[PDB]
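Undergrad: Contents of start-v3.cif (mmCIF, C-alpha atoms) are below:
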data_entry
#
loop_
_atom_site.label_atom_id
_atom_site.label_comp_id
_atom_site.auth_asym_id
_atom_site.auth_seq_id
_atom_site.Cartn_x
_atom_site.Cartn_y
_atom_site.Cartn_z
CA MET A 1 0.14 -51.45 -26.48
CA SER A 2 0.42 -48.27 -24.33
CA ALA A 3 3.72 -47.42 -22.41
CA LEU A 4 3.75 -43.83 -21.10
CA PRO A 5 0.47 -42.08 -20.11
CA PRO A 6 -0.73 -38.60 -21.04
CA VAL A 7 -0.30 -37.61 -17.40
CA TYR A 8 3.37 -38.46 -17.76
CA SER A 9 3.68 -35.01 -19.33
CA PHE A 10 1.70 -33.22 -16.61
CA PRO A 11 4.31 -31.05 -14.72
CA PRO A 12 2.55 -30.88 -11.32
CA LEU A 13 3.32 -34.59 -11.15
CA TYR A 14 7.07 -34.07 -11.02
CA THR A 15 6.71 -31.73 -8.11
CA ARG A 16 6.52 -33.66 -4.89
CA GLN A 17 3.33 -32.94 -3.00
CA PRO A 18 3.38 -31.67 0.59
CA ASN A 19 0.62 -33.80 2.08
CA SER A 20 0.55 -37.30 3.48
CA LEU A 21 -2.78 -37.83 1.73
CA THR A 22 -1.89 -36.33 -1.65
CA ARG A 23 1.70 -37.56 -1.93
CA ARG A 24 0.32 -41.02 -1.16
CA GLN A 25 -1.72 -40.86 -4.38
CA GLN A 26 0.88 -39.07 -6.47
CA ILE A 27 3.33 -41.82 -5.59
CA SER A 28 0.90 -44.56 -6.59
CA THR A 29 0.51 -42.79 -9.93
CA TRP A 30 4.29 -42.96 -10.34
CA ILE A 31 4.47 -46.52 -9.15
CA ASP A 32 1.85 -47.24 -11.78
CA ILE A 33 3.59 -45.34 -14.55
CA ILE A 34 6.73 -47.37 -13.84
CA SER A 35 5.15 -50.79 -14.09
CA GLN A 36 3.17 -49.87 -17.16
CA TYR A 37 6.29 -48.51 -18.76
CA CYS A 38 8.62 -51.39 -18.00
CA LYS A 39 5.89 -53.83 -18.81
CA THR A 40 5.22 -52.57 -22.31
CA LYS A 41 8.84 -52.01 -23.15
CA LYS A 42 9.59 -55.43 -21.69
CA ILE A 43 12.17 -53.90 -19.38
CA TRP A 44 13.35 -55.39 -16.10
CA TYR A 45 15.94 -53.18 -14.45
CA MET A 46 15.66 -49.60 -13.25
CA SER A 47 18.56 -47.77 -11.61
CA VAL A 48 17.60 -45.97 -8.39
CA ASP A 49 17.92 -42.63 -10.18
CA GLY A 50 15.47 -43.75 -12.83
CA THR A 51 17.82 -44.88 -15.59
CA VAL A 52 16.54 -47.81 -17.65
CA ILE A 53 18.90 -50.67 -18.33
CA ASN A 54 18.59 -52.60 -21.60
CA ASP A 55 18.85 -56.42 -21.66
CA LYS A 56 16.93 -43.42 -21.21
CA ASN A 57 15.60 -42.24 -17.84
CA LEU A 58 11.97 -42.36 -16.71
CA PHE A 59 12.08 -39.75 -13.93
CA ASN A 60 13.69 -37.14 -16.14
CA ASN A 61 11.16 -35.86 -18.65
CA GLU A 62 13.02 -34.14 -21.47
CA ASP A 63 9.90 -33.08 -23.38
CA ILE A 64 8.35 -31.53 -20.27
CA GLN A 65 11.65 -30.21 -18.96
CA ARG A 66 10.98 -31.61 -15.48
CA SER A 67 12.56 -34.12 -13.14
CA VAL A 68 11.60 -35.82 -9.90
CA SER A 69 13.94 -35.09 -7.03
CA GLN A 70 15.95 -38.07 -5.87
CA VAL A 71 14.42 -37.44 -2.47
CA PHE A 72 10.98 -38.12 -3.88
CA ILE A 73 12.16 -40.96 -6.13
CA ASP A 74 13.40 -42.72 -3.02
CA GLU A 75 10.02 -42.31 -1.44
CA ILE A 76 8.62 -43.79 -4.64
CA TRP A 77 10.83 -46.87 -4.50
CA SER A 78 10.32 -47.73 -0.84
CA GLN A 79 6.58 -47.31 -1.32
CA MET A 80 6.77 -49.53 -4.37
CA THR A 81 8.89 -51.94 -2.40
CA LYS A 82 6.49 -52.00 0.51
CA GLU A 83 3.79 -52.86 -2.06
CA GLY A 84 5.82 -55.61 -3.67
CA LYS A 85 5.73 -53.90 -7.08
CA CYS A 86 9.54 -53.86 -7.32
CA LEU A 87 12.53 -55.70 -5.98
CA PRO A 88 15.64 -54.06 -4.51
CA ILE A 89 18.86 -55.64 -5.84
CA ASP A 90 22.52 -54.64 -5.63
CA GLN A 91 25.37 -55.61 -7.93
CA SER A 92 23.42 -58.89 -8.15
CA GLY A 93 20.96 -60.29 -5.56
CA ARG A 94 18.10 -59.10 -3.34
CA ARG A 95 19.48 -56.22 -1.26
CA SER A 96 18.01 -52.94 0.05
CA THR A 97 23.30 -53.57 1.21
CA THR A 98 23.68 -50.76 -1.29
CA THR A 99 20.73 -51.53 -3.55
CA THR A 100 21.89 -50.21 -6.91
CA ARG A 101 18.88 -51.03 -9.15
CA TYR A 102 15.39 -52.49 -9.26
CA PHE A 103 13.72 -55.50 -10.81
CA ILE A 104 10.36 -54.11 -11.79
CA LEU A 105 7.63 -56.58 -10.93
CA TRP A 106 4.68 -55.87 -13.18
CA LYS A 107 3.99 -59.54 -12.66
CA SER A 108 4.43 -61.09 -9.21
CA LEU A 109 7.40 -63.35 -8.68
CA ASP A 110 4.98 -66.14 -7.84
CA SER A 111 3.09 -65.03 -10.97
CA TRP A 112 6.23 -65.29 -13.09
CA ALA A 113 6.92 -68.58 -11.38
CA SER A 114 3.64 -69.93 -12.69
CA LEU A 115 4.01 -68.65 -16.22
CA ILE A 116 7.42 -70.22 -16.42
CA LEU A 117 6.25 -73.43 -14.77
CA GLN A 118 3.41 -73.26 -17.27
CA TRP A 119 5.80 -73.16 -20.21
CA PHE A 120 7.54 -76.27 -18.92
CA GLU A 121 4.27 -78.23 -18.91
CA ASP A 122 2.89 -76.60 -22.07
CA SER A 123 6.09 -77.91 -23.68
CA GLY A 124 6.24 -81.30 -22.01
CA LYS A 125 9.79 -80.55 -20.83
CA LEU A 126 8.33 -80.93 -17.33
CA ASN A 127 11.08 -83.44 -16.44
CA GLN A 128 14.23 -82.31 -18.25
CA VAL A 129 17.10 -80.02 -17.32
CA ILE A 130 17.13 -76.66 -19.04
CA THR A 131 19.42 -73.74 -18.26
CA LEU A 132 18.30 -70.23 -17.33
CA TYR A 133 20.13 -68.94 -20.38
CA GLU A 134 18.07 -71.08 -22.72
CA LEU A 135 15.13 -70.03 -20.61
CA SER A 136 15.18 -66.48 -22.02
CA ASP A 137 16.57 -69.29 -26.43
CA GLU A 138 14.23 -69.70 -29.40
CA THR A 139 11.96 -72.07 -27.50
CA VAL A 140 10.87 -69.38 -25.05
CA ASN A 141 8.77 -66.47 -26.17
CA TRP A 142 6.29 -66.01 -23.36
CA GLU A 143 6.43 -62.70 -21.49
CA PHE A 144 9.57 -63.86 -19.64
CA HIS A 145 11.63 -64.35 -22.75
CA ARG A 146 14.86 -62.28 -22.51
CA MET A 147 14.61 -61.86 -18.74
CA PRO A 148 18.00 -61.66 -17.04
CA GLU A 149 19.06 -64.94 -15.43
CA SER A 150 19.71 -63.39 -12.01
CA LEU A 151 16.16 -62.16 -11.97
CA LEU A 152 14.93 -65.31 -13.61
CA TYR A 153 16.37 -67.15 -10.63
CA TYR A 154 14.07 -65.27 -8.27
CA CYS A 155 11.05 -66.29 -10.33
CA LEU A 156 11.95 -69.95 -10.16
CA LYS A 157 12.65 -69.98 -6.46
CA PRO A 158 8.89 -70.16 -5.92
CA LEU A 159 8.97 -73.43 -7.81
CA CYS A 160 11.59 -74.82 -5.40
CA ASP A 161 9.17 -73.96 -2.63
CA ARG A 162 5.96 -75.76 -3.63
CA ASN A 163 8.41 -78.59 -4.34
CA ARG A 164 7.92 -78.52 -8.10
CA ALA A 165 11.55 -77.98 -9.05
CA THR A 166 15.18 -78.53 -8.22
CA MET A 167 17.97 -76.18 -9.20
CA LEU A 168 21.43 -77.18 -10.43
CA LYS A 169 24.45 -74.95 -9.82
CA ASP A 170 27.94 -75.01 -11.38
CA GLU A 171 31.36 -75.29 -9.73
CA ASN A 172 30.96 -71.74 -8.42
CA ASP A 173 27.65 -72.58 -6.75
CA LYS A 174 25.87 -70.55 -9.41
CA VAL A 175 22.41 -71.64 -10.50
CA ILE A 176 22.78 -72.52 -14.18
CA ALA A 177 19.94 -74.89 -14.90
CA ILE A 178 16.79 -76.26 -13.33
CA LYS A 179 14.55 -79.28 -13.56
CA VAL A 180 10.87 -78.99 -12.87
CA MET B 1 -8.25 -51.04 -13.76
CA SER B 2 -10.86 -49.30 -11.61
CA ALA B 3 -13.29 -46.54 -12.54
CA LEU B 4 -10.78 -44.02 -11.30
CA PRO B 5 -6.94 -43.94 -11.81
CA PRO B 6 -4.67 -43.02 -8.91
CA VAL B 7 -4.09 -39.65 -10.57
CA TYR B 8 -7.81 -39.05 -10.28
CA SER B 9 -7.07 -38.01 -6.71
CA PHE B 10 -4.13 -35.73 -7.64
CA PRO B 11 -5.39 -32.14 -6.93
CA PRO B 12 -3.12 -30.34 -9.43
CA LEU B 13 -5.23 -32.06 -12.05
CA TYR B 14 -8.41 -30.24 -11.11
CA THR B 15 -6.67 -26.92 -11.48
CA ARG B 16 -6.74 -25.80 -15.08
CA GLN B 17 -3.27 -25.22 -16.42
CA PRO B 18 -2.25 -21.88 -17.93
CA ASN B 19 -0.31 -23.12 -20.94
CA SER B 20 -1.33 -24.22 -24.40
CA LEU B 21 1.24 -27.01 -24.18
CA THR B 22 0.43 -28.19 -20.65
CA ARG B 23 -3.37 -27.79 -20.71
CA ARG B 24 -3.30 -29.81 -23.94
CA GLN B 25 -1.91 -32.78 -22.00
CA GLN B 26 -3.91 -32.21 -18.86
CA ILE B 27 -7.03 -32.33 -20.98
CA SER B 28 -6.06 -35.55 -22.71
CA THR B 29 -5.54 -37.04 -19.23
CA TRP B 30 -9.14 -36.02 -18.39
CA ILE B 31 -10.45 -37.22 -21.71
CA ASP B 32 -8.76 -40.52 -20.90
CA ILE B 33 -10.07 -40.72 -17.35
CA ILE B 34 -13.62 -40.24 -18.70
CA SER B 35 -13.47 -43.02 -21.29
CA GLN B 36 -11.87 -45.43 -18.90
CA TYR B 37 -14.42 -44.57 -16.28
CA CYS B 38 -17.51 -44.84 -18.45
CA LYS B 39 -16.08 -47.89 -20.14
CA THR B 40 -15.56 -49.97 -16.99
CA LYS B 41 -18.81 -48.84 -15.37
CA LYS B 42 -20.52 -49.54 -18.69
CA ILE B 43 -21.91 -46.01 -18.69
CA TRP B 44 -22.98 -44.09 -21.80
CA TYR B 45 -24.26 -40.65 -20.86
CA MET B 46 -22.48 -37.78 -19.17
CA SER B 47 -24.14 -34.43 -18.53
CA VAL B 48 -22.07 -31.43 -19.56
CA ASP B 49 -21.41 -30.59 -15.92
CA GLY B 50 -20.04 -34.09 -15.40
CA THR B 51 -23.03 -35.81 -13.87
CA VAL B 52 -22.79 -39.48 -14.64
CA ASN B 53 -20.15 -35.67 -10.78
CA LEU B 54 -17.13 -37.19 -12.45
CA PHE B 55 -15.77 -33.61 -12.44
CA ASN B 56 -16.68 -32.94 -8.83
CA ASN B 57 -14.40 -34.97 -6.57
CA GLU B 58 -16.01 -35.30 -3.13
CA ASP B 59 -13.19 -37.25 -1.49
CA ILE B 60 -10.62 -34.72 -2.74
CA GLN B 61 -12.85 -31.70 -2.18
CA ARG B 62 -12.03 -30.35 -5.66
CA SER B 63 -13.96 -29.52 -8.83
CA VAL B 64 -13.10 -28.62 -12.40
CA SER B 65 -14.38 -25.23 -13.54
CA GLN B 66 -17.12 -25.40 -16.14
CA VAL B 67 -14.81 -23.21 -18.23
CA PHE B 68 -12.22 -25.96 -18.23
CA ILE B 69 -14.80 -28.75 -18.61
CA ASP B 70 -15.99 -27.09 -21.80
CA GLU B 71 -12.44 -27.06 -23.11
CA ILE B 72 -12.34 -30.73 -22.16
CA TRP B 73 -15.44 -31.54 -24.18
CA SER B 74 -14.56 -29.70 -27.36
CA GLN B 75 -11.09 -31.25 -27.26
CA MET B 76 -12.73 -34.63 -26.66
CA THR B 77 -15.15 -33.82 -29.46
CA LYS B 78 -12.40 -32.76 -31.84
CA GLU B 79 -10.83 -36.11 -31.10
CA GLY B 80 -14.03 -38.04 -31.63
CA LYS B 81 -13.83 -39.51 -28.13
CA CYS B 82 -17.34 -38.21 -27.45
CA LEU B 83 -20.52 -37.24 -29.25
CA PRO B 84 -22.44 -33.97 -28.56
CA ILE B 85 -26.23 -34.32 -28.45
CA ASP B 86 -29.29 -32.30 -27.43
CA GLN B 87 -32.19 -33.99 -25.63
CA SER B 88 -32.29 -35.81 -29.00
CA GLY B 89 -29.58 -36.85 -31.49
CA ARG B 90 -26.29 -35.34 -32.63
CA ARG B 91 -26.49 -31.66 -31.71
CA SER B 92 -23.66 -29.08 -31.82
CA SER B 93 -22.22 -27.05 -28.94
CA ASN B 94 -24.37 -23.92 -29.03
CA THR B 95 -27.31 -25.79 -30.66
CA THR B 96 -28.17 -27.01 -27.17
CA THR B 97 -26.11 -30.14 -26.70
CA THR B 98 -27.46 -31.45 -23.40
CA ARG B 99 -25.36 -34.55 -22.87
CA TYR B 100 -22.61 -36.72 -24.25
CA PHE B 101 -22.24 -40.18 -25.66
CA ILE B 102 -18.83 -41.21 -24.32
CA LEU B 103 -16.82 -42.95 -27.04
CA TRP B 104 -14.34 -45.22 -25.30
CA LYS B 105 -14.64 -47.17 -28.50
CA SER B 106 -14.72 -45.37 -31.82
CA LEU B 107 -18.05 -45.28 -33.63
CA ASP B 108 -16.45 -47.13 -36.53
CA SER B 109 -15.02 -49.42 -33.84
CA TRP B 110 -18.42 -50.14 -32.33
CA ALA B 111 -19.60 -50.46 -35.92
CA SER B 112 -17.21 -53.36 -36.39
CA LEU B 113 -17.93 -55.14 -33.10
CA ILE B 114 -21.61 -54.97 -33.91
CA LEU B 115 -21.07 -56.04 -37.51
CA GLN B 116 -18.89 -58.77 -36.03
CA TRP B 117 -21.69 -60.14 -33.82
CA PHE B 118 -23.99 -60.39 -36.85
CA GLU B 119 -21.48 -62.58 -38.69
CA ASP B 120 -20.38 -64.40 -35.52
CA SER B 121 -24.07 -65.25 -35.20
CA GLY B 122 -24.78 -65.98 -38.85
CA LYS B 123 -27.69 -63.51 -38.71
CA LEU B 124 -25.71 -61.63 -41.38
CA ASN B 125 -28.82 -61.47 -43.59
CA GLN B 126 -31.82 -61.09 -41.27
CA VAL B 127 -33.63 -58.07 -39.88
CA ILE B 128 -33.09 -57.41 -36.19
CA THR B 129 -34.25 -54.39 -34.24
CA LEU B 130 -32.05 -51.99 -32.27
CA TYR B 131 -33.96 -52.87 -29.16
CA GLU B 132 -33.14 -56.55 -29.49
CA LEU B 133 -29.66 -55.39 -30.45
CA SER B 134 -29.28 -53.81 -27.04
CA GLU B 135 -31.47 -55.59 -24.52
CA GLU B 136 -30.59 -61.88 -24.68
CA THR B 137 -28.41 -62.81 -27.68
CA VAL B 138 -26.19 -59.76 -27.32
CA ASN B 139 -23.47 -59.59 -24.71
CA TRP B 140 -20.54 -58.01 -26.51
CA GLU B 141 -19.34 -54.65 -25.18
CA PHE B 142 -22.35 -52.95 -26.84
CA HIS B 143 -24.96 -54.88 -24.92
CA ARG B 144 -27.29 -52.45 -23.12
CA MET B 145 -26.28 -49.47 -25.29
CA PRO B 146 -29.11 -46.96 -25.76
CA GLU B 147 -30.83 -47.33 -29.11
CA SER B 148 -30.33 -43.69 -30.07
CA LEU B 149 -26.61 -44.06 -29.65
CA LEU B 150 -26.73 -47.54 -31.13
CA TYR B 151 -28.11 -45.94 -34.27
CA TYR B 152 -24.99 -43.81 -34.64
CA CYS B 153 -22.78 -46.86 -34.49
CA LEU B 154 -24.75 -48.63 -37.21
CA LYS B 155 -24.81 -45.64 -39.54
CA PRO B 156 -21.21 -46.55 -40.52
CA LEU B 157 -22.65 -49.81 -41.76
CA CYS B 158 -25.13 -48.00 -44.00
CA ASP B 159 -22.09 -46.22 -45.38
CA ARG B 160 -19.79 -49.02 -46.58
CA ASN B 161 -23.07 -50.41 -48.00
CA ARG B 162 -23.19 -53.31 -45.53
CA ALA B 163 -26.58 -52.49 -44.06
CA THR B 164 -30.07 -51.09 -44.54
CA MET B 165 -32.15 -49.53 -41.78
CA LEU B 166 -35.91 -49.93 -41.32
CA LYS B 167 -37.94 -47.19 -39.60
CA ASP B 168 -41.48 -47.28 -38.23
CA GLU B 169 -44.51 -45.16 -39.03
CA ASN B 170 -42.82 -42.26 -37.26
CA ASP B 171 -39.66 -42.48 -39.40
CA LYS B 172 -37.84 -43.88 -36.38
CA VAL B 173 -35.15 -46.44 -37.02
CA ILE B 174 -36.40 -49.59 -35.25
CA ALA B 175 -34.52 -52.44 -36.87
CA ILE B 176 -31.77 -53.12 -39.35
CA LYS B 177 -30.51 -55.77 -41.75
CA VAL B 178 -26.77 -55.99 -42.35
CA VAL B 179 -26.24 -58.53 -45.10
#
Show the structure stored in the file as C-alpha cells.
TA:
Amino acid sequence: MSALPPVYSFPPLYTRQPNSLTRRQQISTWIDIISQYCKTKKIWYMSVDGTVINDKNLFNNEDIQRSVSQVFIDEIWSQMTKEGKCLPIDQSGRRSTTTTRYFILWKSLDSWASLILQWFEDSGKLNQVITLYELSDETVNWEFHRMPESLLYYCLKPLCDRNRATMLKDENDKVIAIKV
Amino acid sequence: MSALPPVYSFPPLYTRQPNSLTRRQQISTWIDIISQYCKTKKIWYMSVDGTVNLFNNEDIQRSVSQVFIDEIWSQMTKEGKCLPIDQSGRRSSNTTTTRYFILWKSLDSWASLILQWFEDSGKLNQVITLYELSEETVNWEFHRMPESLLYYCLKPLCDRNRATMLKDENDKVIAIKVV
C-alpha cells in the first residue's frame, strides 16, 4: 500500500543530471519509482514514452508541471533493462526490433515462474492442462492474476527449462495452455 | 530496503528548495528517509544536527543547512513522525529539545504492538517493568527501545484505561500492568 513516493513530486528529479555519478543514482531512483508504481497498481505494460497501459503517464507529472525528456527516459529504460528490472517487447514478444513497450518486472521472471508453479501445486492441478487465459479466471488470485498472456508466457518459460512443464500451442503455433 | 534510498545520493535533495509547494515535498522526502533509516537500523535517537550525520552525506560531499534541518524537524513534529525531547522527556523546540525519538511507527501504533504482545503472551494482567519490556521475552519491533521512549508509547494505554503504571521511590515509572 504505497504507489508513488513523495520524491515523485520533487522537480530536480525530472531534470536529467549532468554527471556519470549523479545521473547513475537519479536513474536508479526512477527505476525504483517505476517498479513500485507498477507493482502497487498491479500494472504490467509501460510505453517507452511513459504511458501506462491498462489490462495516465508516469514520466509526465501534471501536479508538478514537469516531464522527463525522452532522451533521459531512454537512458532510464536501458539502465533498467541492463538490470533486468524490465523487459523490452514490441507489438508482442521480447524485442529491443522496434521495442514499443515494457513489461515491468517488479518480480523476476524466474520469480513469477515460481509463484505460478506454486499455485499449480498449492491447487493440486500439478498435472492438468490449464490455459493462460484461465491463468489470469476465478481460480487465480495470486499476484499474477490478470497478467497478460503474452507476458504470462515469459513467466512460464522458466518452467519449461527446469523441465517442470510442457506448453501446448494451437493451430497457429500460439501457446494457449500448459501442463506442469 | 536499505538504510538509504537511491535518492539519498541525489544532490538536489540537499539543497533547500525556495518554494512553499516544493520544499513541502522535499521535506516529506527527508522525513521519510529518516524514518526508513532509523527503522531498518533499529535506531531511536537522532541529534538535532542529524547525528545518529544522516544530514551530512560524506560520499556525496553535501550537507543540509541547519536552517533547513529545523524546518524538517518541525514539519516532522507537526506530523507526529518524531518526538522533541530535552536531555530528559518531551521538551518543546525552544525549551531545549536536545534530541529526537524517531517515530517510524506512531506512538498509538507502538502502543498497540506492545499491548498486542501482552495479550499474545497472556500476561494481560500481570505487572512487568519497562526494562524487561525492552531488554528475553520481547522481540517485536519495540524490543530494545529505550525505557524513556517506551514510557511514551505506553501512556496511550493509560488513556483508553487499559493500563496502570507503577513508579519507584523517585516517582519514576519502572513497571506497568495492562489488564
Undergrad: What does the distance from CA of residue 116 (chain A) to CA of residue 166 (chain A) come to in Å, to one decimal?
TA: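 Between these atoms lies a distance of 14.0 Å.
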Undergrad: Which is closer to residue 28 (chain A) than all the others in A:114, A:81, A:9, A:98, using only C-alpha atoms?
TA: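 For residue 28 (chain A), the nearest of the candidates is A:81.
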Undergrad: For this file, the PyMOL selection byres ((chain A and resi 119-129) around 7) selects which residues, as a PyMOL selection string?
TA: chain A and resi 115-118+130-131+177-180
Undergrad: What is the distance, in Å and to one decimal place, between CA of residue 34 (chain A) and CA of residue 73 (chain A)?
TA: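 One can read the CA of residue 34 (chain A) to CA of residue 73 (chain A) distance as 11.4 Å.
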Undergrad: As an mmCIF file with C-alpha atoms, in the coordinates of the input, please: the residues near residue 12 (chain A) (cut-off 12 Å, only C-alpha atoms, same-chain neighbours under 5 positions excluded).
TA:
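In the end it all went to out37.cif:
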data_model
loop_
_atom_site.group_PDB
_atom_site.id
_atom_site.type_symbol
_atom_site.label_atom_id
_atom_site.label_comp_id
_atom_site.auth_asym_id
_atom_site.auth_seq_id
_atom_site.Cartn_x
_atom_site.Cartn_y
_atom_site.Cartn_z
ATOM 1 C CA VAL A 7 -0.300 -37.610 -17.400
ATOM 2 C CA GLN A 17 3.330 -32.940 -3.000
ATOM 3 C CA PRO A 18 3.380 -31.670 0.590
ATOM 4 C CA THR A 22 -1.890 -36.330 -1.650
ATOM 5 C CA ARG A 23 1.700 -37.560 -1.930
ATOM 6 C CA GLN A 26 0.880 -39.070 -6.470
ATOM 7 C CA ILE A 64 8.350 -31.530 -20.270
ATOM 8 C CA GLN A 65 11.650 -30.210 -18.960
ATOM 9 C CA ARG A 66 10.980 -31.610 -15.480
ATOM 10 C CA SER A 67 12.560 -34.120 -13.140
ATOM 11 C CA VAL A 68 11.600 -35.820 -9.900
ATOM 12 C CA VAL B 7 -4.090 -39.650 -10.570
ATOM 13 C CA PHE B 10 -4.130 -35.730 -7.640
ATOM 14 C CA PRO B 11 -5.390 -32.140 -6.930
ATOM 15 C CA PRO B 12 -3.120 -30.340 -9.430
ATOM 16 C CA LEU B 13 -5.230 -32.060 -12.050
ATOM 17 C CA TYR B 14 -8.410 -30.240 -11.110
ATOM 18 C CA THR B 15 -6.670 -26.920 -11.480
ATOM 19 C CA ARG B 16 -6.740 -25.800 -15.080
ATOM 20 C CA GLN B 17 -3.270 -25.220 -16.420
ATOM 21 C CA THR B 22 0.430 -28.190 -20.650
ATOM 22 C CA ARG B 23 -3.370 -27.790 -20.710
ATOM 23 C CA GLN B 25 -1.910 -32.780 -22.000
ATOM 24 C CA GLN B 26 -3.910 -32.210 -18.860
#
Undergrad: Take the PyMOL selection byres ((chain B and resi 170-172) around 12), apply it to the structure above, and return the hits as a PyMOL selection string.
TA: chain B and resi 89+129-130+147-148+151+165-169+173-176
Undergrad: Could you please determine the separation between CA of residue 70 (chain B) and CA of residue 141 (chain B) in Å, to one decimal place?
TA: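 Here the two named atoms are 28.0 Å from each other.
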Undergrad: Could you check which of B:149, B:60, B:82, B:114 is closest to chain A, using all atoms listed in the file?
TA: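 The answer is B:60, which sits nearest to chain A.
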